[PDB]
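**Q** Chains as they are written, first to last, in PDB author numbering: chain B, 18 to 101; chain F, 19 to 102; chain H, 30 to 124; chain D, 30 to 124; chain G, 16 to 120; chain C, 16 to 120; chain A, 37 to 135; chain E, 38 to 134; chain K, 41 to 118.
We put the beta carbon where it would ideally sit given N, CA and C, even for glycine.
Next up is a structure, given as structure tokens.
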Amino acid sequence: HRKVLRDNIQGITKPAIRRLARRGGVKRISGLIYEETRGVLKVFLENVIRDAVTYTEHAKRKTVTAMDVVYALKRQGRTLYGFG
Amino acid sequence: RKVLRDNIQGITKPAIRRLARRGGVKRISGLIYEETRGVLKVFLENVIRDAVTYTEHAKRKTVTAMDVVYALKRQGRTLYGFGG
Amino acid sequence: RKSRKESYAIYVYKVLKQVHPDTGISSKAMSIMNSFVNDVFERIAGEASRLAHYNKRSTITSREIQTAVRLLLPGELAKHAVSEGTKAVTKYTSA
Amino acid sequence: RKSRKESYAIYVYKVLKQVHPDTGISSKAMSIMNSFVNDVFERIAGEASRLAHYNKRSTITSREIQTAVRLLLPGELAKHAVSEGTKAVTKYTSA
Amino acid sequence: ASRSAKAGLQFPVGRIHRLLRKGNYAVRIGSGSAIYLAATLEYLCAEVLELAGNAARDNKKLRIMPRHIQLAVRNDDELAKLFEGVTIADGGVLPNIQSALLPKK
Amino acid sequence: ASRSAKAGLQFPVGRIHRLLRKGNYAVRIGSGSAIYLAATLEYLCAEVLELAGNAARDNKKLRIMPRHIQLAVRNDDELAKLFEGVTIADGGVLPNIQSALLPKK
Amino acid sequence: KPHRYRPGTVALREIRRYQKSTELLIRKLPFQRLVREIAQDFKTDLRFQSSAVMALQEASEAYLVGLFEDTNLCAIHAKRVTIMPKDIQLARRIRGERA
Amino acid sequence: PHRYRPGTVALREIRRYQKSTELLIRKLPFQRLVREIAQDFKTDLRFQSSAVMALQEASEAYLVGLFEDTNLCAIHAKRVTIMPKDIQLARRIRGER
Amino acid sequence: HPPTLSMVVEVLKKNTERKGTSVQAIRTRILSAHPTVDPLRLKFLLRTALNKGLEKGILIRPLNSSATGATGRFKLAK
DNA sequence: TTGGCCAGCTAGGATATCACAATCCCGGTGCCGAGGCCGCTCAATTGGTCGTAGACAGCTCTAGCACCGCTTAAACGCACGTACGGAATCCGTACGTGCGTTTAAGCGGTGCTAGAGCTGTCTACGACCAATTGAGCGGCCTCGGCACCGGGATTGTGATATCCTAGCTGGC
DNA sequence: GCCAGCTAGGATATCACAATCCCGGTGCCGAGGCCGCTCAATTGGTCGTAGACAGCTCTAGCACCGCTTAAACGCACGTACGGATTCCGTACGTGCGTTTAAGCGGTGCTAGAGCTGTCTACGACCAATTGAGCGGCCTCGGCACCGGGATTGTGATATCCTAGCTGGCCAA
Numbered sequence: 018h019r020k021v022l023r024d025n026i027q028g029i030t031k032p033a034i035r036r037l038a039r040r041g042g043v044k045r046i047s048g049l050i051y052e053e054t055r056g057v058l059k060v061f062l063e064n065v066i067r068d069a070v071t072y073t074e075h076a077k078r079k080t081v082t083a084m085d086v087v088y089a090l091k092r093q094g095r096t097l098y099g100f101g
Numbered sequence: 019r020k021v022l023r024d025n026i027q028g029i030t031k032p033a034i035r036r037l038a039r040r041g042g043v044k045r046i047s048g049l050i051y052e053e054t055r056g057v058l059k060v061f062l063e064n065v066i067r068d069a070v071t072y073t074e075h076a077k078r079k080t081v082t083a084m085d086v087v088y089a090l091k092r093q094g095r096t097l098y099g100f101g102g
Numbered sequence: 030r031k032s033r034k035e036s037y038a039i040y041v042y043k044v045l046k047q048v049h050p051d052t053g054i055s056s057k058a059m060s061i062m063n064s065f066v067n068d069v070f071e072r073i074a075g076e077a078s079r080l081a082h083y084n085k086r087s088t089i090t091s092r093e094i095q096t097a098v099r100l101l102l103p104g105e106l107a108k109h110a111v112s113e114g115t116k117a118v119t120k121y122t123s124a
Numbered sequence: 030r031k032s033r034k035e036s037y038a039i040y041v042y043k044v045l046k047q048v049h050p051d052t053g054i055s056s057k058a059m060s061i062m063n064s065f066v067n068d069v070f071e072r073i074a075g076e077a078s079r080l081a082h083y084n085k086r087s088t089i090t091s092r093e094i095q096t097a098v099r100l101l102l103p104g105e106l107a108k109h110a111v112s113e114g115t116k117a118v119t120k121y122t123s124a
Numbered sequence: 016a017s018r019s020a021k022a023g024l025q026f027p028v029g030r031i032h033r034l035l036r037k038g039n040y041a042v043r044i045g046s047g048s049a050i051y052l053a054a055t056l057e058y059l060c061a062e063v064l065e066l067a068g069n070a071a072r073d074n075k076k077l078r079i080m081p082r083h084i085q086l087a088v089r090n091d092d093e094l095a096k097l098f099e100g101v102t103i104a105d106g107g108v109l110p111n112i113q114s115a116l117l118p119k120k
Numbered sequence: 016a017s018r019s020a021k022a023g024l025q026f027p028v029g030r031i032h033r034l035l036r037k038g039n040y041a042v043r044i045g046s047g048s049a050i051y052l053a054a055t056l057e058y059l060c061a062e063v064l065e066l067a068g069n070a071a072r073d074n075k076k077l078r079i080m081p082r083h084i085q086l087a088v089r090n091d092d093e094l095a096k097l098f099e100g101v102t103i104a105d106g107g108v109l110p111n112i113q114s115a116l117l118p119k120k
Numbered sequence: 037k038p039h040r041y042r043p044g045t046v047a048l049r050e051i052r053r054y055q056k057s058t059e060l061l062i063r064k065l066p067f068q069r070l071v072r073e074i075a076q077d078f079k080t081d082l083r084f085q086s087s088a089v090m091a092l093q094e095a096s097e098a099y100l101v102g103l104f105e106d107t108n109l110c111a112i113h114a115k116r117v118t119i120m121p122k123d124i125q126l127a128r129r130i131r132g133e134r135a
Numbered sequence: 038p039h040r041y042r043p044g045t046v047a048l049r050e051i052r053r054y055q056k057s058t059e060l061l062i063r064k065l066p067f068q069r070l071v072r073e074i075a076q077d078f079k080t081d082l083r084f085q086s087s088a089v090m091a092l093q094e095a096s097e098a099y100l101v102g103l104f105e106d107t108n109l110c111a112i113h114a115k116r117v118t119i120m121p122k123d124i125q126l127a128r129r130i131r132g133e134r
Numbered sequence: 041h042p043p044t045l046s047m048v049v050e051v052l053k054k055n056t057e058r059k060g061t062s063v064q065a066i067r068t069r070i071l072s073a074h075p076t077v078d079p080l081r082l083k084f085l086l087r088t089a090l091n092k093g094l095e096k097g098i099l100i101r102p103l104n105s106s107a108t109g110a111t112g113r114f115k116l117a118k
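Here it is, written out as structure tokens:
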């Protein structure tokens, strides 16, 4: 019994992207934005986890530690602080 | 030797023509070029500084091209074709 | 339990005395400071190491260090920091 | 005159035979190729070296190398190149 | 005695020194280099901590809140222009509003 | 005999190996690592050279012109998307025209 | 007559509201399950540290906002108070994000 | 007499300069510039010939790369001229001051 | 379709706006009025038609801006 | 007589026409960068040592995962509505296009210097080995700033009422 | 057929309020503070080795001169695109009102990550040899520049076609 999930990219809801953009100082937004943003987000994720998982398996690990993630981020010049 | 001045106009008006052309822009406003003279003038500042620091570290006072390429590559501006 | 996270925490926390003897801290912020300093460390290290290899030395010393610092740090940081290092090294050699 | 610029020139120039036995070259382009390969070199080196230090090894070996390559190289490069290295290592161990 | 005392400093010069030896950067390490780097780190911690607290008593807390580090790095060019690709956990964003966003008058 | 022959390869595996020892990267170097990296470099040279020549006989020269390397790296994502911060001496720029720049009809 | 705010009022209002606060914005569960699918393709049956997904969300939110304000500048240069996709890929391409 | 329409010429040299790879500025002014801007950091410096070659090449590359970005910005702006505002906008987006 | 001034007075009759009908409103009601208008000359033809309806006196001006007689709102003379 | 039907003018727009020069494609040449060749050599190539870093086997426990019941509250759907974006128009100018005059940088060519890379020499200092000890780390206890909650002050927003004043319809 | 009152709208001054800020108290927990272990620190003697110094030459940096044309500079000029205006349409905010599913707290399972101990496959060290790779010289065959014709593509024009204009003809 292994959990295989499907099409949760919609899981980011309308108010979710709303509130995020609201952080970005935008008041007025098109309805045509959401779909590409979730696509946008998607690609960025497929960028990161990609090396991250390779990082993890590089250690013969099959649990990802945060360190894998942070090194990943580091590699694209996306330095994150606080976790390692 | 002599102290020289104000060759910034030495980037001549038609030179910014040529640059625009390789940039594939069609028509230009007048106020660009001094602004252009602005941006160029800052950029060299950021690199030559580094370059000279490179030089004087090796107790040099003649600038090698290698100095330049190291300075550039630190700025994420990798250039090929000059030495190593 | 038999492991050691050998941070810099006591050090930076002891720092925040002499400037602000009254202020507290969050643990998260504390971690951010640790990550910070380890960063600035290994970037300085990478700079200097690249430098000496250029200079076909085998030794890392304070002189190439001071250049590398004067390299990465922008602005008036580059001046005060080098001054502090100069004086610190100065009093150290004084035994 | 008593110095040696110990490039890779003969190597890459010998390469351009088996694919294009007929083509020439410019010296500038040749230099660019040299600079190129020395680049891709030391970036791979930096990657792997960082890796093993994470992995608290002291040894650099083809396995961490192949990960690092599979790291930097994007796309189908990552597959063909690793395949070539596998086969190359394979025949080498065959003595 | 400790060189740090003999340096009057807060970071462990010998500790950074072993960092250098197991930093795998050079085969050979000059002594004063570690002192010099330690002093650098002294200073760097100095601005960051002091100005975080600077912000801190501004909304009048007694203890540092990563909000305050985030803001602290935001207001200074010499810091942020040092810290571009730097993303801070629970940092948030500086208060910025664009002018044309405002009501006309 | 040469390992390169024993590897059937073009780059000097022992030479890269000494590069590693004086590369100051690790204290310890596995043997096959150098072979593996050499094969990588083999391949990399393969695409770059072949496709530069690919362009080369296209405007029908007999010898490689840095124009042609520049173009060669331009047309492939897998290369340029590998080579962003890469600037090429006498490379020039790929022929790109924007549509709206054209005369209307 | 029920009271009404004219449009953009609430806009600017919780522009302040969110531009001062600091908490996480996306619901964590949808986020993490999204992560689980997007990871599944590259390797099956992958175990995630609690801190790891939180790091992912932090960085992702930072990226998204950082793109948003730039899109805001793009739109304002268009003398427009609305964002449209074209702004988005404009900023994305200028940053140099080949996709 | 014979006369060309505006921009047709412009397009001609667009193609012309997008074909070749030579150096688009005039040297002596450029090395002059290099010299004084060096003066401010140390007195009586000296340069190799190839050093200024790298300088010009990087410089022209940077300028053309930012120019095309400005052009794209204008294209966005329902626009065929480049204005300074476009310059600062692109510069801000790439994030340098 | 008849000539322009006829459509102009027609749409004047059909539009009971207190300030008459803007040259914008004039033009859009004309284009929404007839299909065979040959859209390549409506702006010029309508502008000249407005000029002639003003000089003749057919058109009267509730509100406009000076030197923009072709940019304003008109009414029929009664 | 005169307004409607008609018919030919009329002007303008669309359209095909022709005229030129820009580039392209072709030759032709000397020019030079690539290439072949030879001579020198130093890193590569072998073999043996010896050490040790990693590989494996063998545990344990921690953290991750999965299941389960509340508790909203955030989201979704929906009604309503307006202010923004597209569009379209119109006016002003400034920059591309050409011309005619100037000059200053490439170039090439030469005399000139100092400073860079080379050799050769002396040495201070750091890697190394072993001994010693206390500062650092974790573990435990604790308590004082804070987030929450709740309970007043303020105000920016949206509504409102006044006023004025300018164009229409009733009266004289 | 001409003047006052009506009336509408628009600008301005005024009120209400509900969303936000500020306060005091509560409790809560994360930050702080003490105690016990030790290993990763200092400390001392060594060698040898990279590095400081010192001197040379000769290579490249540099000043300078004459010349040229090619590129730059200043000027008319107009047209085509920018910018300001309006406006109409609606895709948007925004404010109900419901529902779920996200959070949350808890439990049970486990496995997989990690630490312990073992052996050993292999990698640096080192001396010795060589042939492979550096560089220096020459030759030559590809190519940059020169000059001339051909094609396309562009800009202007004359024509064709058309719709509207304006006057002539006919019935009311």
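Among residues of its own chain, excluding the 5 on either side of residue 103 of chain K, which ones have a beta-carbon nearer than 7 Å to its beta-carbon?
**A** Hits under 7 Å: 59, 112 and 113.
**Q** Tell me which residue opens and which closes the beta strand (DSSP E) that residue 112 of chain K is part of.
**A** 112–116
**Q** Using a threshold of 8 Å, state whether the C-beta atoms of residue 112 of chain C and residue 85 of chain C are closer than that.
**A** no
**Q** Report the start-end ranges of each alpha helix (DSSP H) in the segment 19–75 of chain F that is 4 residues or longer and not cut off at the edges.
**A** 31–40 and 50–75
**Q** What whole-angstrom Cβ distance do residue 83 of chain B and residue 85 of chain A have, given they're in contact under 8 Å?
**A** 6 Å
**Q** With DSSP run on the structure shown, which of helix, strand or coil describes residue 43 of chain G?
**A** strand
**Q** So is residue 95 of chain H buried or exposed if we call it buried at 16+ other beta carbons inside 10 Å?
**A** buried
**Q** Verify whether the separation of the beta carbon atoms of residue 61 of chain E and residue 40 of chain F is less than 8 Å.
**A** yes
**Q** Given this structure, state the Cα-to-Cα distance separating residue 110 of chain K from residue 82 of chain C, to the nearest angstrom.
**A** 58 Å
**Q** Using only the alpha-carbon positions, how far apart do residue 92 of chain D and residue 81 of chain D sit?
**A** 11 Å
**Q** What do you get for residue 84 of chain K, buried or exposed, if any count of 16 or more other CB atoms within 10 angstroms of its CB means buried?
**A** exposed
**Q** For chain B, is any of its Cβ atoms less than 8 Å away from the one on residue 16 of chain G?
**A** no
**Q** For residue 102 of chain K, which three-state DSSP category applies?
**A** strand
**Q** Where does the unbroken alpha helix (DSSP H) through residue 88 of chain F begin, and where does it stop?
**A** 83–92
**Q** Quick check: what's the CA-CA separation for residue 46 of chain C versus residue 38 of chain G?
**A** 23 Å
**Q** If we ignore side chains and look at the alpha-carbon of each, how far apart do residue 94 of chain E and residue 42 of chain D end up?
**A** 26 Å
**Q** Counting along the chain, where does the beta strand (DSSP E) carrying residue 102 of chain G start and finish?
**A** Its beta strand (DSSP E) spans residues 101–103.
**Q** Would you say residue 27 of chain C faces chain E, with C-beta separation under 8 Å as the test?
**A** no
**Q** Using 8 Å as the threshold, is the C-beta distance between residue 117 of chain H and residue 98 of chain H below it?
**A** no
**Q** Measure from the C-beta of residue 105 of chain C to each C-beta in chain E and report whether the shortest distance is under 8 Å.
**A** yes
**Q** With a cut-off of 8 Å, does the C-beta of residue 69 of chain G fall near any C-beta of chain B?
**A** no
**Q** I want to see whether chain D comes within less than 8 Å of residue 76 of chain B, judged by CB atoms only; does it?
**A** yes
**Q** According to DSSP, is residue 62 of chain K helix, strand or coil?
**A** strand
**Q** Return the residues of the segment 75–91 of chain C that lie within a Cβ-Cβ distance of less than 7 Å from chain E, sorted by chain order.
**A** Per Cβ criterion, the list reads 82.
**Q** At a cut of 8 Å, does the segment 85–97 of chain B reach the segment 60–70 of chain B through at least three beta carbon pairs?
**A** yes
**Q** Hey, how far is the Cα of residue 98 of chain E from the Cα of residue 115 of chain C?
**A** 24 Å
**Q** Secondary structure at residue 133 of chain A, three-state DSSP: helix, strand or coil?
**A** If DSSP states are grouped into helix, strand and coil, residue 133 of chain A belongs with coil.
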